[PDB]
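Working notes, structure below.
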Amino acid sequence: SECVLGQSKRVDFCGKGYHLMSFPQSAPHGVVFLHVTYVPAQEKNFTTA
Amino acid sequence: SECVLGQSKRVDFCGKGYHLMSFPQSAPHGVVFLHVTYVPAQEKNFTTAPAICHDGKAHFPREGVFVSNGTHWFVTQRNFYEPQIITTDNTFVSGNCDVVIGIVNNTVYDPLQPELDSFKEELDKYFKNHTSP
Amino acid sequence: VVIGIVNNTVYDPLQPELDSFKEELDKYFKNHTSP
Amino acid sequence: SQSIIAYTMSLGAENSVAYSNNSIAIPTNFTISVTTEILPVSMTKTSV
Amino acid sequence: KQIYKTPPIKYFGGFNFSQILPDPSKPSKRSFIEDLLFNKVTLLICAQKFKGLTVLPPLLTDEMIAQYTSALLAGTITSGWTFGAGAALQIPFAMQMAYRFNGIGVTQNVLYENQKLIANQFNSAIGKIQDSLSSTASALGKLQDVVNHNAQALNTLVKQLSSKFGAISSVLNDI
Ligand SMILES: *[C@@H]1O[C@H](CO)[C@@H](O[C@@H]2O[C@H](CO)[C@@H](O[C@@H]3O[C@H](CO)[C@@H](O)[C@H](O)[C@@H]3O)[C@H](O)[C@H]2NC(C)=O)[C@H](O)[C@H]1NC(C)=O
Ligand SMILES: *[C@@H]1O[C@H](CO)[C@@H](O[C@@H]2O[C@H](CO)[C@@H](O[C@@H]3O[C@H](CO)[C@@H](O)[C@H](O)[C@@H]3O)[C@H](O)[C@H]2NC(C)=O)[C@H](O)[C@H]1NC(C)=O
Ligand SMILES: *[C@@H]1O[C@H](CO)[C@@H](O[C@@H]2O[C@H](CO)[C@@H](O)[C@H](O)[C@H]2NC(C)=O)[C@H](O)[C@H]1NC(C)=O
Ligand SMILES: *[C@@H]1O[C@H](CO)[C@@H](O[C@@H]2O[C@H](CO)[C@@H](O)[C@H](O)[C@H]2NC(C)=O)[C@H](O)[C@H]1NC(C)=O
Ligand SMILES: *[C@@H]1O[C@H](CO)[C@@H](O[C@@H]2O[C@H](CO)[C@@H](O)[C@H](O)[C@H]2NC(C)=O)[C@H](O)[C@H]1NC(C)=O
Ligand SMILES: *[C@@H]1O[C@H](CO)[C@@H](O[C@@H]2O[C@H](CO)[C@@H](O)[C@H](O)[C@H]2NC(C)=O)[C@H](O)[C@H]1NC(C)=O
Ligand SMILES: *[C@@H]1O[C@H](CO)[C@@H](O)[C@H](O)[C@H]1NC(C)=O
């Protein structure tokens, strides 16, 4: 209901990291979710005020 | 705790559709909720374009979306039809209109533009009157 | 159409922002056209 | 007249959506609805 | 409550969904990933369980479940998210991605300026997903365990009657 029909703000609930969308698939007596998540890459350090 | 004492956000948790509020009622060995919710009615469809380039620079909606009824473009909200004139106080710029795909052409009408024009015309008429003295 | 609306003045900060220059410019126009 | 029949379930209508890459849809009106919901909260106590 | 269907066109702004949408070549309208899931999990003991034990079939069959899944997939990639909250609208995918980014916390331009790169990255990720399932054998333990537990329970119950329970003999008639 949440991670498929909408974008969820609950951290670490619809995928490790920031959440974009999901896709369901069926399986014998079960379901499989593909969470498409977003993760920041290499960074740089600066001086802040 | 979530639906009653505040407005929830988890879709399809406090009633089908966008959630406005809820009211509780008792029952023998149970509780009954009345979820008051919101649902969009009949709709109309238009032609959209993700970006706008006016002075060689892209423009993106502040908060809204660009629609068009065939002749004039507009920016509106995402859940209720209410168009407005394209204004800089509705758009922010980024880059130049060469890399994005699907961009179209239009004019961007800043409102501070006629706001300052209201005295630009004043200056122009002042100087036209002052040419002779 | 709105109910319970009251009366007051809405002060756009753009109004004083222009005015701080516009009244000075008006004084300059008085000193400009007169001579 | 009346009789018992058996058949295959129906999953609902089809309602194909004509997706396009420059087509948008915006509602022009709304509605407000009220939905009921029931939840058990406590079974009856007991003693033996 | 509406069984939406996928459109004949398949150009989703550069994204490649060919690995999840149903495949018409197979007699069953499954998809490649679903095919691998069905192959990996392995379910005449069932015929020997005749001794009063039955396994009723589920009400919904696999084709019906696949049809639900197809409806959800065709809804979430053309209507966005609004089909779960009333009338189903229609939004181009290349800007629904922008709306999702706006929801995350980054602005819109970051998507359109790297549309093609993001499409390539998503395609590579979805392609690489398949190898993870296909290579290892411990991926699908969380469903193999259920059927293994049920089989163990049934086998134990069947084998229990061979016990004599401290009586004269396990067989009934000899008593
Ligand atoms: C798409 O929407 C636009 C925006 O409303 C329509 O253009 C505008 O249409 C109105 C009338 O529907 C025009 O108003 C004009 O007002 C003058 C008086 O000032 C009157 O003399 C004219 O006869 C006319 O009623 C308006 O000028 C026009 N343009 C703008 C920029 O507002 C357009 O017709 C719509 N097209 C379709 C296919 O729906
Ligand atoms: C949106 O508007 C801009 C400008 O208003 C359009 O750019 C213009 O595109 C045309 C044709 O592509 C250019 O005309 C020709 O350009 C070539 C150079 O490639 C030149 O050698 C020719 O003599 C002729 O001028 C035109 O120059 C160009 N405008 C500018 C300022 O360079 C753009 O195509 C429009 N896009 C849409 C989607 O409406
Ligand atoms: C708010 O101010 C307006 C402006 O004066 C009021 O409108 C006036 O109302 C009186 C009484 O109905 C009329 O006689 C005037 O002709 C109106 N003038 C204008 C310019 O509209 C309005 O009544 C005020 N409302 C409140 C609640 O204070
Ligand atoms: C706006 O949507 C309407 C339907 O709500 C479109 O009208 C029909 O859309 C279906 C969708 O597959 C087509 O099969 C019909 O041929 C359409 N009929 C007509 C008379 O158009 C309508 O086309 C949409 N607007 C635009 C500009 O495409
Ligand atoms: C939005 O829908 C509502 C009803 O869903 C419309 O209100 C109705 O308007 C008609 C015609 O004016 C009346 O006969 C009905 O009695 C109204 N309904 C009620 C409950 O009073 C409303 O007009 C619609 N809005 C627009 C802009 O069309
Ligand atoms: C979508 O992806 C699928 C699989 O990733 C593509 O199908 C393969 O495309 C390559 C192109 O280099 C061919 O060499 C293979 O033979 C194809 N395999 C199959 C099973 O079709 C498909 O071409 C992609 N389509 C789009 C539009 O991106
Ligand atoms: C939509 O896709 C078709 C198929 O490639 C293409 O011809 C058309 O130009 C696209 N529309 C836009 C606005 O790019």
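Chain identifiers are assigned as A, B, and so on, following the order in which chains appear in the structure tokens; residues are numbered from 1 within each chain, and ligands are numbered from 1 in order of appearance.
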
Expected selection as a PyMOL selection string for ligand 7 within 7 Å, only C-alpha atoms and all ligand atoms: (chain B and resi 102) or (chain D and resi 20-22) or (chain E and resi 11)

Selection file, C-alpha atoms, as a PDB file, in the first residue's frame:
```
ATOM      1  CA  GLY B 102      10.887  17.944 -24.727  1.00  0.00           C
TER       2      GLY B 102
ATOM      3  CA  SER D  20       1.232   9.316 -24.133  1.00  0.00           C
ATOM      4  CA  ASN D  21       4.446  11.261 -23.653  1.00  0.00           C
ATOM      5  CA  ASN D  22       2.860  14.717 -23.855  1.00  0.00           C
TER       6      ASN D  22
ATOM      7  CA  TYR E  11       9.136   3.736 -25.289  1.00  0.00           C
TER       8      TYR E  11
END
```

Protein and nucleic residues near ligand 6, 9 Å, only C-alpha atoms and all ligand atoms, as a VMD selection string: chain E and resid 10 to 12 14 to 19 123 to 124 126 to 127

Selection: 9 Å around residue B:108, only C-alpha atoms, excl. self and same-chain fewer than 6 positions, as a list in words: residues 52, 53, 54, 55, 59, 85, 86, 87, 88 and 91 of chain B

Exercise: residue E:147 partners within 9 Å, only C-alpha atoms, chain neighbours under 5 positions left out, as a list in words: residues 29 of chain A; 43 and 152 of chain E

So that each row is one residue of chain E with an atom at most 12 Å from ligand 4, can you give its shortest atom pair and the distance in Å to one decimal, using only C-alpha atoms and all ligand atoms, rows by chain and rising number, as a tab-separated table?
```
residue	atom	partner	partner_atom_place_in_ligand_line	distance
E:4	CA	ligand 4	12 (O)	11.8
E:5	CA	ligand 4	12 (O)	11.3
E:6	CA	ligand 4	12 (O)	11.9
E:7	CA	ligand 4	12 (O)	9.7
E:8	CA	ligand 4	12 (O)	11.6
E:87	CA	ligand 4	5 (O)	10.8
E:88	CA	ligand 4	5 (O)	10.3
E:89	CA	ligand 4	5 (O)	9.2
E:90	CA	ligand 4	2 (O)	9.4
```

Surroundings of ligand 5 up to 9 Å, based on only C-alpha atoms and all ligand atoms, as a PyMOL selection string: (chain B and resi 41-42) or (chain D and resi 28-31)

Residues of chain B within 9 Å of chain A, only C-alpha atoms counted, as a PyMOL selection string: chain B and resi 9-13

Got a sec to pull out which chain A residues are within 8 Å of chain E, counting only C-alpha atoms, and send them as a tab-separated table (two decimals) with N, CA, C and O atoms, in the first residue's frame?
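To be explicit, this is the file written out as result-v5.tsv:
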```tsv
chain	number	residue	atom	x	y	z
A	4	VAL	N	4.41	1.14	-2.94
A	4	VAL	CA	4.08	0.95	-4.35
A	4	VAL	C	3.19	2.09	-4.84
A	4	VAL	O	3.56	2.81	-5.77
A	5	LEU	N	2.04	2.26	-4.21
A	5	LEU	CA	1.08	3.28	-4.62
A	5	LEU	C	1.49	4.69	-4.20
A	5	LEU	O	0.68	5.61	-4.29
A	6	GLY	N	2.72	4.87	-3.73
A	6	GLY	CA	3.18	6.18	-3.33
A	6	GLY	C	4.63	6.13	-2.91
A	6	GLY	O	5.25	5.06	-2.87
A	7	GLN	N	5.16	7.30	-2.59
A	7	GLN	CA	6.53	7.44	-2.13
A	7	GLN	C	6.53	7.63	-0.62
A	7	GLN	O	5.84	8.52	-0.11
A	18	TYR	N	17.31	6.51	0.52
A	18	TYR	CA	16.16	7.28	0.07
A	18	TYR	C	15.37	6.47	-0.95
A	18	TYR	O	15.95	5.79	-1.80
A	19	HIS	N	14.05	6.56	-0.88
A	19	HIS	CA	13.17	5.68	-1.64
A	19	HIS	C	12.52	6.43	-2.80
A	19	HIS	O	12.04	7.56	-2.64
A	20	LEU	N	12.50	5.79	-3.97
A	20	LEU	CA	11.88	6.35	-5.17
A	20	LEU	C	10.60	5.64	-5.57
A	20	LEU	O	9.57	6.29	-5.74
A	23	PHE	N	8.45	-2.18	-7.32
A	23	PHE	CA	7.76	-3.03	-8.28
A	23	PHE	C	7.49	-4.39	-7.65
A	23	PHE	O	8.40	-4.99	-7.06
A	24	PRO	N	6.26	-4.89	-7.73
A	24	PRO	CA	5.95	-6.21	-7.18
A	24	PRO	C	6.05	-7.31	-8.23
A	24	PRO	O	5.86	-7.10	-9.42
A	25	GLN	N	6.37	-8.51	-7.74
A	25	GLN	CA	6.35	-9.72	-8.55
A	25	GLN	C	5.83	-10.86	-7.68
A	25	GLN	O	6.00	-10.86	-6.47
A	26	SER	N	5.19	-11.83	-8.32
A	26	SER	CA	4.61	-12.95	-7.61
A	26	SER	C	5.64	-14.07	-7.47
A	26	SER	O	6.64	-14.12	-8.18
A	27	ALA	N	5.36	-14.99	-6.54
A	27	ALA	CA	6.20	-16.16	-6.34
A	27	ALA	C	5.38	-17.20	-5.60
A	27	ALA	O	4.39	-16.85	-4.94
A	28	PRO	N	5.74	-18.48	-5.70
A	28	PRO	CA	4.94	-19.51	-5.04
A	28	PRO	C	4.79	-19.26	-3.55
A	28	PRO	O	5.76	-19.34	-2.80
A	29	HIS	N	3.56	-18.96	-3.12
A	29	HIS	CA	3.26	-18.64	-1.73
A	29	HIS	C	4.09	-17.47	-1.23
A	29	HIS	O	4.60	-17.49	-0.11
A	30	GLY	N	4.23	-16.43	-2.05
A	30	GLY	CA	4.99	-15.28	-1.60
A	30	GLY	C	5.04	-14.18	-2.63
A	30	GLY	O	4.61	-14.35	-3.78
```

Cut-off 7 Å, only C-alpha atoms and all ligand atoms, neighbours of ligand 1 as a PyMOL selection string: chain B and resi 69-72

Once you have the residues from the selection above, write them out as an mmCIF file, in the first residue's frame, restricted to C-alpha atoms.
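File produced: again31.cif:
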```
data_model
loop_
_atom_site.group_PDB
_atom_site.id
_atom_site.type_symbol
_atom_site.label_atom_id
_atom_site.label_comp_id
_atom_site.auth_asym_id
_atom_site.auth_seq_id
_atom_site.Cartn_x
_atom_site.Cartn_y
_atom_site.Cartn_z
ATOM 1 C CA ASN B 69 -5.305 24.163 -23.814
ATOM 2 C CA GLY B 70 -4.000 24.617 -27.357
ATOM 3 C CA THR B 71 -3.012 28.272 -27.663
ATOM 4 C CA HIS B 72 -1.803 29.609 -24.300
#
```

Could the residues that lie within 7 Å of ligand 2, counting only C-alpha atoms and all ligand atoms, be listed as a tab-separated table (two decimals) with C-alpha atoms, in the first residue's frame?
```tsv
chain	number	residue	atom	x	y	z
B	103	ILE	CA	11.32	21.64	-23.95
B	104	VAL	CA	9.09	24.07	-25.84
B	105	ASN	CA	9.02	27.79	-26.61
```

Proximal residues of chain E relative to chain B (only C-alpha atoms; 7 Å) as JSON, numbers by chain: {"E": [85, 86, 87, 95, 109, 112, 113]}

Write a file of the selected residues as an mmCIF file, in the first residue's frame, keeping N, CA and C atoms.
```cif
data_model
loop_
_atom_site.group_PDB
_atom_site.id
_atom_site.type_symbol
_atom_site.label_atom_id
_atom_site.label_comp_id
_atom_site.auth_asym_id
_atom_site.auth_seq_id
_atom_site.Cartn_x
_atom_site.Cartn_y
_atom_site.Cartn_z
ATOM 1 N N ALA E 85 -6.008 6.282 -5.278
ATOM 2 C CA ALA E 85 -6.774 7.259 -4.511
ATOM 3 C C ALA E 85 -7.862 7.880 -5.379
ATOM 4 N N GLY E 86 -8.622 7.040 -6.075
ATOM 5 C CA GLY E 86 -9.731 7.531 -6.871
ATOM 6 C C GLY E 86 -9.570 7.322 -8.362
ATOM 7 N N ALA E 87 -9.990 8.308 -9.151
ATOM 8 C CA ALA E 87 -9.874 8.210 -10.597
ATOM 9 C C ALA E 87 -8.409 8.180 -11.011
ATOM 10 N N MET E 95 8.616 12.743 -16.330
ATOM 11 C CA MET E 95 8.374 13.786 -15.348
ATOM 12 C C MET E 95 7.830 13.260 -14.028
ATOM 13 N N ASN E 109 15.669 19.968 -11.785
ATOM 14 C CA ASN E 109 16.621 20.057 -12.888
ATOM 15 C C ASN E 109 17.646 18.933 -12.858
ATOM 16 N N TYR E 112 16.383 16.050 -15.293
ATOM 17 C CA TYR E 112 16.383 16.317 -16.726
ATOM 18 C C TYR E 112 17.787 16.546 -17.263
ATOM 19 N N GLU E 113 18.692 17.081 -16.446
ATOM 20 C CA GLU E 113 20.046 17.282 -16.940
ATOM 21 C C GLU E 113 20.843 15.989 -17.051
#
```

Protein and nucleic acid residues within 9 Å of ligand 3 (only C-alpha atoms and all ligand atoms) as a ChimeraX atom specification: /C:4-8

Would you mind exporting N, CA, C and O atoms of the selected residues as a PDB file, in the first residue's frame?
```
ATOM      1  N   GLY C   4     -16.161  36.533   6.606  1.00  0.00           N
ATOM      2  CA  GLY C   4     -15.369  37.000   7.725  1.00  0.00           C
ATOM      3  C   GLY C   4     -14.146  37.812   7.373  1.00  0.00           C
ATOM      4  O   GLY C   4     -13.312  38.052   8.251  1.00  0.00           O
ATOM      5  N   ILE C   5     -14.006  38.246   6.122  1.00  0.00           N
ATOM      6  CA  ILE C   5     -12.840  39.027   5.738  1.00  0.00           C
ATOM      7  C   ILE C   5     -12.894  40.394   6.409  1.00  0.00           C
ATOM      8  O   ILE C   5     -13.967  40.979   6.603  1.00  0.00           O
ATOM      9  N   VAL C   6     -11.724  40.906   6.785  1.00  0.00           N
ATOM     10  CA  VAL C   6     -11.645  42.182   7.483  1.00  0.00           C
ATOM     11  C   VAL C   6     -10.943  43.203   6.606  1.00  0.00           C
ATOM     12  O   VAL C   6     -10.461  42.879   5.515  1.00  0.00           O
ATOM     13  N   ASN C   7     -10.872  44.439   7.085  1.00  0.00           N
ATOM     14  CA  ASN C   7     -10.306  45.554   6.341  1.00  0.00           C
ATOM     15  C   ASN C   7      -8.967  45.949   6.944  1.00  0.00           C
ATOM     16  O   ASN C   7      -8.850  46.092   8.166  1.00  0.00           O
ATOM     17  N   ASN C   8      -7.972  46.131   6.086  1.00  0.00           N
ATOM     18  CA  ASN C   8      -6.643  46.573   6.489  1.00  0.00           C
ATOM     19  C   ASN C   8      -5.870  46.875   5.211  1.00  0.00           C
ATOM     20  O   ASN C   8      -6.384  46.707   4.101  1.00  0.00           O
TER      21      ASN C   8
END
```

Contacts of residue D:36 within 8 Å, only C-alpha atoms, excl. fewer than 2 positions in-chain, as JSON, numbers by chain: {"B": [32, 33, 34, 35], "D": [34, 38]}

Gap from atom CA of residue A:45 to atom CA of residue E:107 - Å, one decimal: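 Separating atom CA of residue A:45 from atom CA of residue E:107 is a distance of 21.5 Å.
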
Two-atom distance - atom CA of residue D:19, atom CA of residue E:24 (Å): 20.5 Å

Each stretch 14-122 of chain B residue no farther than 12 Å from stretch 19-32 of chain C, nearest pair in Å, only C-alpha atoms, as CSV:
```
residue,atom,partner,partner_atom,distance
B:116,CA,C:22,CA,10.9
B:118,CA,C:22,CA,11.6
B:119,CA,C:22,CA,8.5
B:120,CA,C:22,CA,11.0
B:122,CA,C:26,CA,10.4
```

Give one line per residue of chain D that approaches chain E to at most 12 Å, naming the two atoms of the closest pair and their distance in Å to one decimal, counting only C-alpha atoms; sort by chain then ascending residue number and deliver it as a tab-separated table.
```
residue	atom	partner	partner_atom	distance
D:8	CA	E:60	CA	10.8
D:9	CA	E:60	CA	9.4
D:10	CA	E:64	CA	9.8
D:11	CA	E:3	CA	6.9
D:12	CA	E:2	CA	5.7
D:13	CA	E:2	CA	5.5
D:14	CA	E:3	CA	4.8
D:15	CA	E:4	CA	5.8
D:16	CA	E:4	CA	5.4
D:17	CA	E:4	CA	7.0
D:18	CA	E:7	CA	7.0
D:19	CA	E:78	CA	6.1
D:20	CA	E:92	CA	6.5
D:21	CA	E:92	CA	5.0
D:22	CA	E:92	CA	6.6
D:23	CA	E:91	CA	6.7
D:24	CA	E:91	CA	5.4
D:25	CA	E:89	CA	5.6
D:26	CA	E:89	CA	7.5
D:27	CA	E:89	CA	8.6
D:29	CA	E:87	CA	11.7
D:30	CA	E:86	CA	10.4
D:31	CA	E:86	CA	10.4
D:32	CA	E:86	CA	11.6
D:33	CA	E:86	CA	11.3
```

Expected file: the selected residues, N, CA and C atoms, as a tab-separated table (two decimals), in the first residue's frame:
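So selection_15.tsv came out as:
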```tsv
chain	number	residue	atom	x	y	z
D	8	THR	N	-16.76	-18.85	-13.88
D	8	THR	CA	-15.41	-18.36	-13.62
D	8	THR	C	-15.46	-16.92	-13.14
D	9	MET	N	-14.60	-16.59	-12.18
D	9	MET	CA	-14.66	-15.29	-11.54
D	9	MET	C	-14.33	-14.17	-12.52
D	10	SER	N	-14.84	-12.98	-12.22
D	10	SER	CA	-14.56	-11.78	-12.98
D	10	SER	C	-13.70	-10.85	-12.14
D	11	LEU	N	-12.63	-10.33	-12.74
D	11	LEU	CA	-11.69	-9.49	-12.03
D	11	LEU	C	-12.03	-8.01	-12.11
D	12	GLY	N	-13.15	-7.66	-12.73
D	12	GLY	CA	-13.54	-6.28	-12.92
D	12	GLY	C	-13.43	-5.87	-14.37
D	13	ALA	N	-13.71	-4.59	-14.60
D	13	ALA	CA	-13.62	-4.04	-15.95
D	13	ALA	C	-12.16	-3.96	-16.40
D	14	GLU	N	-11.96	-3.46	-17.61
D	14	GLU	CA	-10.62	-3.32	-18.16
D	14	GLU	C	-10.08	-1.90	-18.02
D	15	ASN	N	-10.76	-0.92	-18.60
D	15	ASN	CA	-10.37	0.49	-18.48
D	15	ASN	C	-8.91	0.70	-18.87
D	16	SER	N	-8.60	0.43	-20.14
D	16	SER	CA	-7.27	0.73	-20.65
D	16	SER	C	-7.02	2.23	-20.60
D	17	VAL	N	-5.79	2.60	-20.26
D	17	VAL	CA	-5.39	4.00	-20.16
D	17	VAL	C	-4.47	4.32	-21.33
D	18	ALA	N	-4.81	5.37	-22.08
D	18	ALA	CA	-4.06	5.73	-23.28
D	18	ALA	C	-2.88	6.59	-22.87
D	19	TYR	N	-1.78	5.94	-22.49
D	19	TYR	CA	-0.58	6.66	-22.12
D	19	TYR	C	0.02	7.37	-23.33
D	20	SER	N	0.50	8.59	-23.11
D	20	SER	CA	1.23	9.32	-24.13
D	20	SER	C	2.28	10.17	-23.44
D	21	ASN	N	3.29	10.57	-24.21
D	21	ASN	CA	4.45	11.26	-23.65
D	21	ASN	C	4.31	12.78	-23.68
D	22	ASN	N	3.13	13.30	-24.03
D	22	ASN	CA	2.86	14.72	-23.86
D	22	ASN	C	1.43	14.95	-23.40
D	23	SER	N	0.85	13.99	-22.68
D	23	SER	CA	-0.54	14.05	-22.24
D	23	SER	C	-0.59	14.10	-20.72
D	24	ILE	N	-1.34	15.06	-20.18
D	24	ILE	CA	-1.51	15.20	-18.75
D	24	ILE	C	-3.00	15.26	-18.45
D	25	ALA	N	-3.36	14.90	-17.22
D	25	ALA	CA	-4.75	14.89	-16.78
D	25	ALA	C	-4.88	15.60	-15.45
D	26	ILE	N	-5.81	16.54	-15.36
D	26	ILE	CA	-6.02	17.34	-14.15
D	26	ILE	C	-7.50	17.33	-13.80
D	27	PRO	N	-7.87	16.98	-12.57
D	27	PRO	CA	-9.27	17.10	-12.16
D	27	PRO	C	-9.68	18.56	-12.01
D	29	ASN	N	-12.83	19.17	-10.31
D	29	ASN	CA	-13.81	19.15	-9.24
D	29	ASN	C	-13.42	18.05	-8.27
D	30	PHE	N	-14.03	18.06	-7.09
D	30	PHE	CA	-13.67	17.10	-6.05
D	30	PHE	C	-14.93	16.57	-5.40
D	31	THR	N	-14.73	15.72	-4.40
D	31	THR	CA	-15.82	15.24	-3.57
D	31	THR	C	-15.24	14.84	-2.22
D	32	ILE	N	-16.10	14.84	-1.21
D	32	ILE	CA	-15.73	14.50	0.16
D	32	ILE	C	-16.56	13.31	0.58
D	33	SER	N	-15.90	12.27	1.09
D	33	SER	CA	-16.59	11.05	1.44
D	33	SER	C	-16.26	10.66	2.87
```
